[PDB]
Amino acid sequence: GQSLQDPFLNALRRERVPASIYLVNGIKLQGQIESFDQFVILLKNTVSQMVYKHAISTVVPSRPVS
């Protein structure tokens, strides 16, 4: 079992870096990666919203993550 998806994400979760999730419709949902599974990433901010990964273009971190 290997990948770059969980690693990159569980990182911006642990070191809690502010992230910007871009949607395939051109919407910028910016928050913090509380958790994620195989279909959704719960981006938390004022309210915790469940984001389906099938609408995510790119997730750009606000600061590099070790």
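Numbers for residues come from their place in the sequence shown, where the first is 1.
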Q. If you average the Cα B factors in the entry, which is higher, 4-12 or 56-64?
A. 4-12
Q) Compared with the other modelled residues in the chain, in which third is the CA B-factor of residue 17? A) highest
Q: Place residue 35 in the lowest, middle or highest third of its chain's C-alpha B-factors, as listed in the PDB entry.
A: middle
Q.
Using only modelled residues of the chain, where does the Cα B factor of residue 49 rank: lowest third, middle third or highest third?
A. lowest
